[PDB]
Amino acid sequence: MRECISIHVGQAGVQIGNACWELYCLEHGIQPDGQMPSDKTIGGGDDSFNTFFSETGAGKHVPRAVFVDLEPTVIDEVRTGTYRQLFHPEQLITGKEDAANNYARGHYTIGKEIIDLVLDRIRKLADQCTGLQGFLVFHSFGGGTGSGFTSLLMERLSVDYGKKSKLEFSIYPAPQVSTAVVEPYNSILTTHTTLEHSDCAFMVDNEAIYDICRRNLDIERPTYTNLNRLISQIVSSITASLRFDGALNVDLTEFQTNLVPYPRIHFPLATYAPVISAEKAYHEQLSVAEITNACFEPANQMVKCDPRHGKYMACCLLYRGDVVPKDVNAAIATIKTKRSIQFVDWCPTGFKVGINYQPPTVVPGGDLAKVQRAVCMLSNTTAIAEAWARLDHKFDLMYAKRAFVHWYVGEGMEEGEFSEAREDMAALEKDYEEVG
């Protein structure tokens, strides 16, 4: 048993954080006050759920989690909602003035006023760990806090916890539900400054989630509540191997070994199926073959891109539910007779399989129907370079005119940082082109 600390930064990181810890509580049988009757070892333990939850002498199971935001209105909802007693109040940190959608304010000027308090509170969590494996960092690309504060935090965690793994869950901007015109700027700045400090990062394209909510869930105009509920289901499927017994991705190090062949190309694509509306309570149950096939349909992807246009370097299939291992084998064999699955010649063409035999949990008040089997596929495909090019093009249109740059320069940032960040993204696009 090796502990994992989750850090949630800014509004997106915090709201997504709230929806994940609610779902984790439901999967492990933990009540909103922290009580867990199925845990025979009171006041301690070495079980798999202990990687995400510590225990007090009173039987209270507390999330190993820190919530930080430069303004207090989003975290105040956590302080007063259903799970207000679950987190330790010193684990929820807020400033007074936000980064105003500006990377430079979150990183340089406003962010500096709270960085040491955040690091000292994370150290209190780390000190209670027997064998800390690392950190899960949740944040948007587009916000001033999600972009700038996250990079300052990632820089400082690399100095103070040098040997520990760092994994991100990052929200990639969408025009349909964005806040600022400068989100492309914030996105490229945070990508450049975090690249060397992160071992693996799962990007969640808000446009992909928005499209799935509309198409599969019949939700006319999806709100953040609908998006976050779907995101938390996918994040739960990715983290299940860390919190339950199993043979695949059992620790943070193994996510790097399985999904990251080279340090810079650390952005795996997640695909999830099936996504069925809760209004279809009596839906037909999809076979292991049908859900497996669904993983190769661009529509079910967490990042909009076409894997038929790229090559695979790794592919992991994580099943949950009534899934017979020989049926997985047969579905994979059928899928291999397909020209759209091209692996790079230097990687084995294998699919790694992990099966958790408990069906997924749905949260009361959610949009999804219950299913007897689900699958999350994690793959490292060069087709995710399409996501990077769309963001780089938006950056280029503005940057050519230097539009909005004075706001960044006025908050202690040099104009040369914009070109150094863009040059790094040009190199990253070439890294994907060199692989294939």
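Position 1 is the first residue in the sequence shown; the rest follow in order. Between two forms, the rigid core is defined as the largest C-alpha subset superposing within 1.5 Å.
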More shifted region, core-based fit in 5 other deposited structures of this protein, 333-341 vs 120-128 by CA: 333-341
Which of 248-256 and 352-360 strays further in 5 other deposited structures of this protein - Cα RMS after rigid core alignment: 248-256
305-313 versus 238-246 - greater average Cα B-factor per the deposited record: 305-313
Greater mean Cα temperature factor according to the PDB record, 25-33 or 65-73: 25-33
Largest Cα B-factor, entry values, listed residues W346, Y161, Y185, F267: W346
Peak C-alpha temperature factor (PDB record), options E386, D367, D46, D392: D46
Ranked C-alpha temperature factor of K401 among modelled chain residues, by third: highest
Position of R214 among the chain's modelled residues by C-alpha B-factor, lowest, middle or highest third: middle
Chain-relative CA temperature factor third for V375: lowest
Where the record places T82 (Cα B-factor, split into thirds across the chain): highest
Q133 - Cα temperature factor, lowest/middle/highest third of chain: middle
